[PDB]
Amino acid sequence: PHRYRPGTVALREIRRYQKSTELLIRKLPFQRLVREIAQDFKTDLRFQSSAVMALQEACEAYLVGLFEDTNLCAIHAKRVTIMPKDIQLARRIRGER
Amino acid sequence: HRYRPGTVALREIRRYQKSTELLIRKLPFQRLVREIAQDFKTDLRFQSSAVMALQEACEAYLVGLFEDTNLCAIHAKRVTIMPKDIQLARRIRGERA
Amino acid sequence: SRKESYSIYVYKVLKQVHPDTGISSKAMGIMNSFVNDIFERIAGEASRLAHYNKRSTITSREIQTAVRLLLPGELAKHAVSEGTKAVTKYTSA
Amino acid sequence: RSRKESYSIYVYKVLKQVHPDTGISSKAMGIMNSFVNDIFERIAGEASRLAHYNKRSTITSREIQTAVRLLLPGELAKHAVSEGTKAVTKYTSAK
Amino acid sequence: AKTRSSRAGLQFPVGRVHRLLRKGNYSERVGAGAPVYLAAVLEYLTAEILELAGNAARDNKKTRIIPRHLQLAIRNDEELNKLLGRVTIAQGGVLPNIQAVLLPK
Amino acid sequence: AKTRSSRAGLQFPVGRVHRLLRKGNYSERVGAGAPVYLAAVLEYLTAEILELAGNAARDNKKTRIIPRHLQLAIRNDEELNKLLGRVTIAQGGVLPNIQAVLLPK
Amino acid sequence: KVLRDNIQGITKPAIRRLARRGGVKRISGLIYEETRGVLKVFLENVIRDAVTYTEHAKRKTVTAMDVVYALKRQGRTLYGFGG
Amino acid sequence: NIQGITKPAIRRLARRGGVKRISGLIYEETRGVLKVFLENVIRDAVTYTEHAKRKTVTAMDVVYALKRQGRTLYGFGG
DNA sequence: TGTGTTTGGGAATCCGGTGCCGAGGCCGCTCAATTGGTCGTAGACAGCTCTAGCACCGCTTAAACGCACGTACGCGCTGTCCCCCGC
DNA sequence: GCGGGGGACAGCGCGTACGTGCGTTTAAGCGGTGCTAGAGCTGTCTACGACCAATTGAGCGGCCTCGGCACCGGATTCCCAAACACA
């Protein structure tokens, strides 16, 4: 029939998403996650919709930057697959805890 | 007699992490700071404590940079630090574009 | 209640730069945020300089020093040039 | 002869409270002075921001408490709030 | 009565910047040339970014500037990138960039 | 006449902190309890650091605290380490730390 | 209703999409959980501050301005939501 | 004049960082980075001095120049 | 070809003497904190409006999930060659 | 500056885990409705903090002393690097 080689569609998806701007996390599950996290600090908290939007924007930006640094670390290790140790190294160097 | 390679490296690592004094010769660093400052304003004078502060800050910065470089080198499954490790650490830290 | 923005000034500047290009509302929001952020950076640095020179007024000199501290090389050069030009013209008239 | 301001004597009193048979070198006293000034400026600046944010004109103990919660890590913030509230309680209870 | 901005040849509001400086508790007193200098600097930076963003928008056959264009303008100019380095832009995306290792031989 | 610090049961100078708050242009007005609360917080933080530093000094058979002991105290306490993370301490040194990979088999 | 175990709403394809935006070509299988950890931490750090800023103002509702202010307090300023 | 930062000095700085083995090309890189850092600090320090009408760079100017980059330094009158 | 243990030997550590300089205490002074009192206003409180956050429902379809299948990348192993290390 | 040995880098194999694709399932997204908690604004009045003149003692500069710490040498100990006996 027809089947593309491994990694061709990966590059195609890289070009499509690095070219677009739309948010890559589903909005409703993220809203639920935010609410359930904030439930641990004060009960019965309401949120402006734009507050959750700002939180999602910030989280996606943070994760994209983190994935850039993870990919750099992985390439530095002569690998192509990113691994959790790459994430741990990137956050360790970045100064996060 | 001879010591096995890398053993004295470890001994000096312990020796220098145990201590606290400055690891750069004071007078070459003072000459370098004065030389650098000559490009910004001419005929400047430095209090000794000013040069001491600059030396302490620079040494701390370089030690932190070498910590990150060591992390990068271990990540690539090496023991020797290479200029690529410094560049990757500085790039992740956000200093190098 | 009244609301504060730099929308109209940014739009005027853009028309001075690219006379046939418009700008979204979202991009105007971002430009307003950027102008504010830079304003606070400069003003805070100038206040710091003034209090750490035991000095009580914020003059154009404090603003200029803050600009050299905040802006990168060529940007600081040109910004200082524009600021000096503006102060000279303002005081001449 | 200028006027110099420091926290050497108060830091020494706190040290005598904590470790009575223990002294502090002059370099360490300078470091502790720097630390105290740094923390003071951090807390005061955060409190000033909070006072401004709420379009508010006064820095009260509430702003200091909120700034302490914002800056210090959790357990440290909890103990710091306990100590500060205890101190203000004692200060206002007496007269 | 002619406004301070007009007398200085600017488009940013000198009087408004002066008011914010006074009502911002930066210092007890504010010189006359400080708001003029600050307004000139702000106007210059805004003009630079709007230049670059308009160029980027025209590079995409777009006649309006959107946050994506602002992000491309900022991230492509190295001194602007240094200035706005710790800043994230809503709906901004990232620069198209693929490591040369990941591309096929 | 009893001092404000005494009335609050503190050893840090409440009056001095109040003076610095007024003469620091943090706000136009300063509440009565603000210097007391702030002085209490500074005293508590100083007490924590002096605790940890005294312990570290006693760990080296030393009866005086030197910058090395303060540095070790800060870097060994995780909440203090978070607080003073971007801070470098003159004559402080670093924590003894060698990666487990570098040790010989 | 109680809100429980919503971290699984960050699905594997969403994490892959985020990695694609980051220029990543191959993703290990253990990445997805690690990411859900990192994200959960980031959120806790941001929300704790936003909630604090809301408590101080006596409000029961977290506004977008509190989130922006918490972010800039973490040195991670955000453009486009006011302020 | 950057050469005053000798090979053994960089070796010691790396040793304090826990580095066991150092390549031969590290030194010219390290010198470069350090020089850049110094220029970025000294520039600001000098700017503070020139703003203060002074001709002497004081340790306090250096402390504020370091705090500028978020490199707060304790122990020099800060 | 391999490796448990040996043992002289440099290198870090402990201990005692000593001396020296800064930390801790004491005194005289002064200036900044304290007291008491006046006065202005910042904000705490009540109270009122209206918006925008929450809860729910139904429907469509796009995305997530599970699974099959194959190949290509990670990782272990071997070799060599050279370039940092120890002196 | 030099001898050399370990590590970096090259090459190969293999095996399983990740990418691609297909069909099924699920819940996200959109719209539409309704309710009410709470955000935002306004008026009052009151307690609370700024300002000022007078008092004074707490803190700061200056001197002086001695003990904690640095330093030196001598003895103790503790990791070390192959060589040997023996598998």
# chains A, B, ... in the order shown; residues from 1 in each chain; ligands from 1

$ closest_atom_pairs --of "chain G" --to "chain J" --cutoff "9 Å" --atoms "only C-alpha atoms (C1' of nucleotides)" --output "Markdown table"
| residue | atom | partner | partner_atom | distance |
| --- | --- | --- | --- | --- |
| G:26 | CA | J:18 | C1' | 7.9 |
| G:27 | CA | J:18 | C1' | 7.8 |
| G:28 | CA | J:18 | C1' | 7.4 |
| G:29 | CA | J:18 | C1' | 7.9 |
| G:59 | CA | J:39 | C1' | 7.6 |
| G:60 | CA | J:38 | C1' | 7.2 |
| G:61 | CA | J:38 | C1' | 7.9 |

$ write_last_selection --atoms "N, CA and C atoms" --output "compact mmCIF listing (two decimals), in the first residue's frame"
# COMPACT_ATOMS: atom_id res chain seq x y z
N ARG G 26 12.13 12.69 18.19
CA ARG G 26 11.82 11.39 18.76
C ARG G 26 11.64 11.57 20.26
N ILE G 27 10.61 10.93 20.82
CA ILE G 27 10.25 11.10 22.22
C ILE G 27 10.23 9.74 22.89
N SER G 28 10.90 9.63 24.03
CA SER G 28 10.88 8.38 24.78
C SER G 28 9.52 8.20 25.44
N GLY G 29 9.25 6.96 25.85
CA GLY G 29 7.96 6.66 26.45
C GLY G 29 7.81 7.14 27.88
N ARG G 59 -10.55 39.32 47.88
CA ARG G 59 -11.43 38.78 46.86
C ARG G 59 -11.51 37.27 46.97
N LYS G 60 -12.61 36.71 46.47
CA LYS G 60 -12.77 35.27 46.37
C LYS G 60 -12.46 34.75 44.97
N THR G 61 -12.08 35.62 44.04
CA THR G 61 -11.88 35.25 42.65
C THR G 61 -10.47 35.60 42.20

$ residues_around --residues "residue 61 of chain B" --least-positions-apart "3" --cutoff "10 Å" --atoms "only C-alpha atoms (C1' of nucleotides)" --output "VMD selection string"
(chain B and resid 55 to 58 64 to 67) or (chain F and resid 88) or (chain H and resid 13 34 37 71)

$ write_last_selection --atoms "C-alpha atoms" --output "PDB file, in the first residue's frame"
ATOM      1  CA  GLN B  55      37.456  38.979  41.557  1.00  0.00           C
ATOM      2  CA  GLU B  56      35.094  37.248  43.981  1.00  0.00           C
ATOM      3  CA  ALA B  57      32.138  37.620  41.624  1.00  0.00           C
ATOM      4  CA  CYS B  58      34.104  36.369  38.618  1.00  0.00           C
ATOM      5  CA  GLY B  64      29.202  27.740  38.705  1.00  0.00           C
ATOM      6  CA  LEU B  65      29.848  27.588  34.966  1.00  0.00           C
ATOM      7  CA  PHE B  66      32.246  24.692  35.496  1.00  0.00           C
ATOM      8  CA  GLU B  67      29.618  22.907  37.591  1.00  0.00           C
TER       9      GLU B  67
ATOM     10  CA  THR F  88      27.097  34.719  46.317  1.00  0.00           C
TER      11      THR F  88
ATOM     12  CA  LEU H  13      38.672  27.028  39.032  1.00  0.00           C
ATOM     13  CA  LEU H  34      35.320  35.324  31.589  1.00  0.00           C
ATOM     14  CA  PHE H  37      31.514  38.592  31.911  1.00  0.00           C
ATOM     15  CA  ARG H  71      24.393  38.179  40.959  1.00  0.00           C
TER      16      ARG H  71
END

$ closest_atom_pairs --of "chain C" --to "chain F" --cutoff "12 Å" --atoms "only C-alpha atoms" --output "CSV"
residue,atom,partner,partner_atom,distance
C:44,CA,F:25,CA,11.9
C:47,CA,F:25,CA,9.8
C:48,CA,F:24,CA,10.4
C:50,CA,F:24,CA,11.6
C:51,CA,F:24,CA,8.3
C:52,CA,F:24,CA,10.7
C:54,CA,F:24,CA,11.2
C:56,CA,F:25,CA,11.0

$ residues_around --residues "segment 63-68 of chain C" --least-positions-apart "4" --cutoff "9 Å" --atoms "only C-alpha atoms (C1' of nucleotides)" --output "short mmCIF file (atom, residue, chain, number, x, y, z; two decimals) with N, CA, C and O atoms, in the first residue's frame"
data_model
loop_
_atom_site.label_atom_id
_atom_site.label_comp_id
_atom_site.auth_asym_id
_atom_site.auth_seq_id
_atom_site.Cartn_x
_atom_site.Cartn_y
_atom_site.Cartn_z
N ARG C 41 10.99 49.59 34.26
CA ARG C 41 12.41 49.29 34.36
C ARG C 41 13.23 50.57 34.47
O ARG C 41 14.04 50.73 35.39
N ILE C 42 13.01 51.50 33.54
CA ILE C 42 13.80 52.73 33.50
C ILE C 42 13.55 53.56 34.75
O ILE C 42 14.49 54.07 35.36
N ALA C 43 12.29 53.71 35.14
CA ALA C 43 11.97 54.58 36.26
C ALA C 43 12.49 54.00 37.56
O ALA C 43 13.00 54.73 38.41
N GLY C 44 12.37 52.68 37.74
CA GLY C 44 12.92 52.05 38.92
C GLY C 44 14.42 52.18 38.99
O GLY C 44 14.98 52.46 40.06
N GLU C 45 15.11 51.97 37.86
CA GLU C 45 16.56 52.12 37.87
C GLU C 45 16.96 53.56 38.17
O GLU C 45 17.93 53.80 38.90
N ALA C 46 16.24 54.53 37.61
CA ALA C 46 16.55 55.93 37.87
C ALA C 46 16.32 56.28 39.34
O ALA C 46 17.12 57.00 39.95
N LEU C 49 19.25 54.83 41.27
CA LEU C 49 20.43 55.69 41.12
C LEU C 49 20.31 56.94 41.97
O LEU C 49 21.27 57.33 42.67
N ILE C 58 14.85 63.40 40.21
CA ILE C 58 15.08 62.62 39.00
C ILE C 58 15.21 63.60 37.84
O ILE C 58 14.21 64.20 37.42
N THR C 59 16.42 63.79 37.34
CA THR C 59 16.67 64.68 36.21
C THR C 59 16.90 63.85 34.96
O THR C 59 16.92 62.62 34.99
N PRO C 72 20.88 47.42 25.49
CA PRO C 72 22.09 46.90 24.82
C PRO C 72 22.74 47.96 23.95
O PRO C 72 22.20 49.04 23.71
N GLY C 73 23.93 47.62 23.45
CA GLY C 73 24.86 48.59 22.89
C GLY C 73 24.30 49.57 21.88
O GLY C 73 24.17 50.76 22.18
N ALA C 76 21.16 51.34 23.01
CA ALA C 76 21.43 52.39 23.98
C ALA C 76 22.04 53.62 23.31
O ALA C 76 21.67 54.75 23.64
N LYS C 77 22.96 53.42 22.37
CA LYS C 77 23.53 54.56 21.65
C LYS C 77 22.44 55.38 20.98
O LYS C 77 22.35 56.60 21.18
N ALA C 79 19.16 55.38 21.46
CA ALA C 79 18.18 55.91 22.40
C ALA C 79 18.73 57.14 23.10
O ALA C 79 18.01 58.12 23.31
N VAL C 80 20.01 57.10 23.49
CA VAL C 80 20.64 58.25 24.11
C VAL C 80 20.68 59.42 23.13
O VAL C 80 20.44 60.57 23.51
N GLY C 83 17.15 60.84 23.00
CA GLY C 83 16.82 61.56 24.23
C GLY C 83 17.53 62.90 24.31
O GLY C 83 16.92 63.90 24.69
N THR C 84 18.82 62.93 23.96
CA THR C 84 19.55 64.18 23.96
C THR C 84 18.95 65.15 22.95
O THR C 84 18.79 66.34 23.25
N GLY E 33 13.55 67.78 32.52
CA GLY E 33 13.94 67.00 31.36
C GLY E 33 13.80 65.50 31.49
O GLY E 33 13.91 64.80 30.48
N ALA E 34 13.54 64.99 32.69
CA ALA E 34 13.39 63.54 32.86
C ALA E 34 12.21 62.98 32.08
O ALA E 34 12.40 61.98 31.36
N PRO E 35 10.99 63.52 32.18
CA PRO E 35 9.90 62.96 31.36
C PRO E 35 10.14 63.09 29.86
O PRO E 35 9.76 62.20 29.11
N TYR E 37 13.07 63.03 28.28
CA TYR E 37 14.05 62.02 27.90
C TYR E 37 13.41 60.63 27.89
O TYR E 37 13.62 59.84 26.96
N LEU E 38 12.60 60.34 28.91
CA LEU E 38 11.97 59.03 28.99
C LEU E 38 10.98 58.81 27.86
O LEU E 38 10.92 57.72 27.29
N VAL E 41 12.88 58.04 24.68
CA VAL E 41 13.41 56.67 24.65
C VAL E 41 12.30 55.67 24.37
O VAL E 41 12.46 54.74 23.56
N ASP H 44 28.80 48.43 33.51
CA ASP H 44 27.81 48.97 34.44
C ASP H 44 28.46 49.70 35.61
O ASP H 44 28.01 50.78 36.01
N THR H 47 29.63 52.96 34.51
CA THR H 47 28.47 53.82 34.28
C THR H 47 27.98 54.43 35.59
O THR H 47 27.67 55.63 35.65
N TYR H 48 27.99 53.64 36.67
CA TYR H 48 27.59 54.18 37.97
C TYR H 48 28.59 55.22 38.45
O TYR H 48 28.21 56.26 39.00
N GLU H 50 30.64 57.17 36.54
CA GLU H 50 30.54 58.38 35.75
C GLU H 50 29.28 59.15 36.09
O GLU H 50 29.28 60.38 36.10
N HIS H 51 28.19 58.43 36.39
CA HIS H 51 26.98 59.11 36.82
C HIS H 51 27.18 59.82 38.15
O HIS H 51 26.56 60.86 38.40
#

$ select_by_dssp --residues "chain C" --states "helix (DSSP H, G or I)" --output "CSV table (one decimal) with N, CA and C atoms, in the first residue's frame"
chain,number,residue,atom,x,y,z
C,7,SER,N,-2.3,53.2,23.5
C,7,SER,CA,-2.8,52.7,22.2
C,7,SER,C,-2.6,53.7,21.1
C,8,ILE,N,-3.1,54.9,21.3
C,8,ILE,CA,-3.1,55.9,20.3
C,8,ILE,C,-1.7,56.4,19.9
C,9,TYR,N,-0.8,56.5,20.9
C,9,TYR,CA,0.5,56.9,20.6
C,9,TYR,C,1.3,55.8,19.8
C,10,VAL,N,1.1,54.5,20.2
C,10,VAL,CA,1.7,53.4,19.4
C,10,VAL,C,1.2,53.4,18.0
C,11,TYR,N,-0.1,53.7,17.8
C,11,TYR,CA,-0.7,53.7,16.5
C,11,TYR,C,-0.1,54.8,15.7
C,12,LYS,N,0.1,56.0,16.3
C,12,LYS,CA,0.7,57.1,15.6
C,12,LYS,C,2.1,56.8,15.2
C,13,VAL,N,2.9,56.2,16.1
C,13,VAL,CA,4.3,55.9,15.8
C,13,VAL,C,4.3,54.9,14.6
C,14,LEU,N,3.4,53.9,14.7
C,14,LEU,CA,3.4,52.9,13.6
C,14,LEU,C,3.1,53.6,12.2
C,15,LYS,N,2.1,54.4,12.2
C,15,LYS,CA,1.8,55.2,11.0
C,15,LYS,C,3.0,56.0,10.6
C,16,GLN,N,3.8,56.6,11.5
C,16,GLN,CA,5.0,57.2,11.1
C,16,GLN,C,6.0,56.3,10.5
C,17,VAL,N,6.0,55.0,10.9
C,17,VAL,CA,7.0,54.1,10.4
C,17,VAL,C,6.5,53.3,9.2
C,25,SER,N,-5.9,44.2,17.8
C,25,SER,CA,-6.1,44.6,19.2
C,25,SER,C,-5.2,43.8,20.2
C,26,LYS,N,-5.0,42.5,19.9
C,26,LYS,CA,-4.1,41.7,20.7
C,26,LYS,C,-2.6,42.3,20.6
C,27,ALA,N,-2.2,42.6,19.5
C,27,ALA,CA,-0.9,43.2,19.3
C,27,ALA,C,-0.8,44.5,20.0
C,28,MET,N,-1.9,45.3,20.0
C,28,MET,CA,-1.8,46.6,20.7
C,28,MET,C,-1.7,46.3,22.2
C,29,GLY,N,-2.4,45.3,22.7
C,29,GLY,CA,-2.3,44.9,24.1
C,29,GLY,C,-0.8,44.5,24.5
C,30,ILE,N,-0.2,43.8,23.6
C,30,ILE,CA,1.2,43.4,23.9
C,30,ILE,C,2.1,44.7,23.8
C,31,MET,N,1.9,45.6,22.9
C,31,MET,CA,2.7,46.8,22.8
C,31,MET,C,2.5,47.6,24.0
C,32,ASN,N,1.3,47.7,24.5
C,32,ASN,CA,1.0,48.5,25.8
C,32,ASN,C,1.8,47.8,26.9
C,33,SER,N,1.7,46.5,27.0
C,33,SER,CA,2.4,45.8,28.1
C,33,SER,C,3.9,46.1,28.0
C,34,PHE,N,4.5,46.0,26.8
C,34,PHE,CA,5.9,46.2,26.6
C,34,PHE,C,6.3,47.7,27.0
C,35,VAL,N,5.5,48.7,26.6
C,35,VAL,CA,5.9,50.0,26.9
C,35,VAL,C,5.8,50.2,28.4
C,36,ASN,N,4.8,49.7,29.1
C,36,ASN,CA,4.7,49.8,30.5
C,36,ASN,C,6.0,49.1,31.2
C,37,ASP,N,6.3,47.9,30.8
C,37,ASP,CA,7.4,47.2,31.4
C,37,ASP,C,8.7,48.0,31.3
C,38,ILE,N,9.0,48.5,30.1
C,38,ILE,CA,10.2,49.2,29.9
C,38,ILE,C,10.1,50.5,30.8
C,39,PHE,N,9.0,51.1,30.9
C,39,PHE,CA,8.8,52.3,31.7
C,39,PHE,C,9.2,52.1,33.1
C,40,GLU,N,8.6,51.0,33.7
C,40,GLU,CA,8.9,50.7,35.0
C,40,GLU,C,10.4,50.3,35.2
C,41,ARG,N,11.0,49.6,34.3
C,41,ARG,CA,12.4,49.3,34.4
C,41,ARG,C,13.2,50.6,34.5
C,42,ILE,N,13.0,51.5,33.5
C,42,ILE,CA,13.8,52.7,33.5
C,42,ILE,C,13.6,53.6,34.7
C,43,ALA,N,12.3,53.7,35.1
C,43,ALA,CA,12.0,54.6,36.3
C,43,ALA,C,12.5,54.0,37.6
C,44,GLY,N,12.4,52.7,37.7
C,44,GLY,CA,12.9,52.1,38.9
C,44,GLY,C,14.4,52.2,39.0
C,45,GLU,N,15.1,52.0,37.9
C,45,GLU,CA,16.6,52.1,37.9
C,45,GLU,C,17.0,53.6,38.2
C,46,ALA,N,16.2,54.5,37.6
C,46,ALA,CA,16.6,55.9,37.9
C,46,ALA,C,16.3,56.3,39.3
C,47,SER,N,15.2,55.8,39.9
C,47,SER,CA,15.0,56.0,41.3
C,47,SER,C,16.1,55.4,42.2
C,48,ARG,N,16.5,54.2,41.8
C,48,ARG,CA,17.6,53.5,42.5
C,48,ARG,C,18.9,54.4,42.5
C,49,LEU,N,19.3,54.8,41.3
C,49,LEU,CA,20.4,55.7,41.1
C,49,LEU,C,20.3,56.9,42.0
C,50,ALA,N,19.1,57.6,42.0
C,50,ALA,CA,19.0,58.8,42.7
C,50,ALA,C,19.1,58.5,44.2
C,51,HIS,N,18.5,57.5,44.8
C,51,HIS,CA,18.6,57.3,46.2
C,51,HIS,C,20.0,56.8,46.6
C,52,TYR,N,20.7,56.1,45.7
C,52,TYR,CA,22.0,55.7,46.1
C,52,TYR,C,23.1,56.7,45.8
C,60,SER,N,17.1,64.5,33.8
C,60,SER,CA,17.3,63.8,32.6
C,60,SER,C,18.6,63.0,32.6
C,61,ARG,N,19.5,63.4,33.5
C,61,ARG,CA,20.8,62.7,33.6
C,61,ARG,C,20.5,61.3,34.2
C,62,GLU,N,19.6,61.2,35.2
C,62,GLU,CA,19.3,59.9,35.8
C,62,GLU,C,18.7,59.0,34.7
C,63,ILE,N,17.8,59.6,33.9
C,63,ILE,CA,17.2,58.8,32.9
C,63,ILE,C,18.2,58.3,31.9
C,64,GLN,N,19.2,59.1,31.5
C,64,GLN,CA,20.2,58.7,30.6
C,64,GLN,C,21.1,57.6,31.1
C,65,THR,N,21.5,57.7,32.4
C,65,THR,CA,22.3,56.7,33.0
C,65,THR,C,21.5,55.4,33.0
C,66,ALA,N,20.2,55.5,33.4
C,66,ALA,CA,19.3,54.3,33.4
C,66,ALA,C,19.2,53.7,32.0
C,67,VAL,N,19.1,54.5,31.0
C,67,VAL,CA,19.1,54.0,29.6
C,67,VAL,C,20.4,53.2,29.3
C,68,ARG,N,21.6,53.8,29.6
C,68,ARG,CA,22.8,53.0,29.4
C,68,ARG,C,22.8,51.7,30.1
C,69,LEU,N,22.3,51.7,31.3
C,69,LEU,CA,22.3,50.5,32.1
C,69,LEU,C,21.3,49.4,31.5
C,70,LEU,N,20.2,49.8,31.1
C,70,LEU,CA,19.1,48.9,30.6
C,70,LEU,C,19.3,48.5,29.2
C,73,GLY,N,23.9,47.6,23.5
C,73,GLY,CA,24.9,48.6,22.9
C,73,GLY,C,24.3,49.6,21.9
C,74,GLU,N,24.0,49.1,20.7
C,74,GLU,CA,23.6,50.0,19.6
C,74,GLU,C,22.2,50.7,20.0
C,75,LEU,N,21.3,49.9,20.6
C,75,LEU,CA,20.1,50.4,21.0
C,75,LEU,C,20.3,51.5,22.1
C,76,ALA,N,21.2,51.3,23.0
C,76,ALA,CA,21.4,52.4,24.0
C,76,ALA,C,22.0,53.6,23.3
C,77,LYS,N,23.0,53.4,22.4
C,77,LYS,CA,23.5,54.6,21.6
C,77,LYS,C,22.4,55.4,21.0
C,78,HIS,N,21.6,54.7,20.2
C,78,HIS,CA,20.6,55.5,19.5
C,78,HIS,C,19.5,56.1,20.4
C,79,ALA,N,19.2,55.4,21.5
C,79,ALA,CA,18.2,55.9,22.4
C,79,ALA,C,18.7,57.1,23.1
C,80,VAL,N,20.0,57.1,23.5
C,80,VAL,CA,20.6,58.3,24.1
C,80,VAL,C,20.7,59.4,23.1
C,81,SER,N,21.0,59.1,21.9
C,81,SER,CA,21.0,60.2,20.8
C,81,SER,C,19.6,60.8,20.8
C,82,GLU,N,18.5,60.0,20.7
C,82,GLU,CA,17.2,60.6,20.6
C,82,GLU,C,16.8,61.4,21.8
C,83,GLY,N,17.1,60.8,23.0
C,83,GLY,CA,16.8,61.6,24.2
C,83,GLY,C,17.5,62.9,24.3
C,84,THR,N,18.8,62.9,24.0
C,84,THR,CA,19.5,64.2,24.0
C,84,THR,C,19.0,65.2,23.0
C,85,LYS,N,18.6,64.7,21.8
C,85,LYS,CA,18.0,65.5,20.8
C,85,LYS,C,16.7,66.1,21.3
C,86,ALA,N,15.9,65.3,21.9
C,86,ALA,CA,14.6,65.8,22.4
C,86,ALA,C,14.8,66.8,23.5
C,87,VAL,N,15.7,66.5,24.5
C,87,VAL,CA,15.9,67.5,25.5
C,87,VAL,C,16.4,68.8,25.0
C,88,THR,N,17.4,68.8,24.0
C,88,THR,CA,17.9,70.0,23.4
C,88,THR,C,16.8,70.8,22.7
C,89,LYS,N,16.0,70.1,21.9
C,89,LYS,CA,14.9,70.8,21.2
C,89,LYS,C,13.9,71.4,22.2
C,90,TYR,N,13.6,70.6,23.3
C,90,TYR,CA,12.6,71.1,24.2
C,90,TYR,C,13.0,72.3,25.0
C,91,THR,N,14.3,72.3,25.3
C,91,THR,CA,14.8,73.5,26.1
C,91,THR,C,15.1,74.7,25.2
C,92,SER,N,15.4,74.4,23.9
C,92,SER,CA,15.7,75.6,23.0
C,92,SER,C,14.4,76.4,22.8

$ closest_atom_pairs --of "segment 7-50 of chain G" --to "segment 65-70 of chain I" --cutoff "12 Å" --atoms "only C-alpha atoms (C1' of nucleotides)" --output "tab-separated table"
residue	atom	partner	partner_atom	distance
G:11	CA	I:65	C1'	10.4
G:12	CA	I:65	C1'	10.1
G:13	CA	I:65	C1'	10.4

$ interface_residues --of "chain F" --to "chain J" --cutoff "10 Å" --atoms "only C-alpha atoms (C1' of nucleotides)" --output "list in words"
residues 1, 2, 3, 28, 29, 30, 31, 32, 62, 63 and 64 of chain F

$ select_by_dssp --residues "chain E" --states "strand (DSSP E or B)" --output "ChimeraX atom specification"
/E:29-30,64-65,88-89

$ atom_distance --atom1 "atom CA of residue 4 of chain A" --atom2 "atom CA of residue 25 of chain G"
14.9 Å

$ closest_residue --among "A:69, A:38, A:81, A:96" --to "chain B" --atoms "only C-alpha atoms"
A:69

$ closest_residue --among "D:25, D:60, D:54, D:71" --to "residue 73 of chain G" --atoms "only C-alpha atoms"
D:71

$ atom_distance --atom1 "atom CA of residue 9 of chain D" --atom2 "atom CA of residue 66 of chain H"
28.0 Å

$ residues_around --residues "residue 39 of chain H" --least-positions-apart "2" --cutoff "12 Å" --atoms "only C-alpha atoms (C1' of nucleotides)" --output "ChimeraX atom specification"
/B:32-40,54,58 /H:2,32-37,41-47,65-66
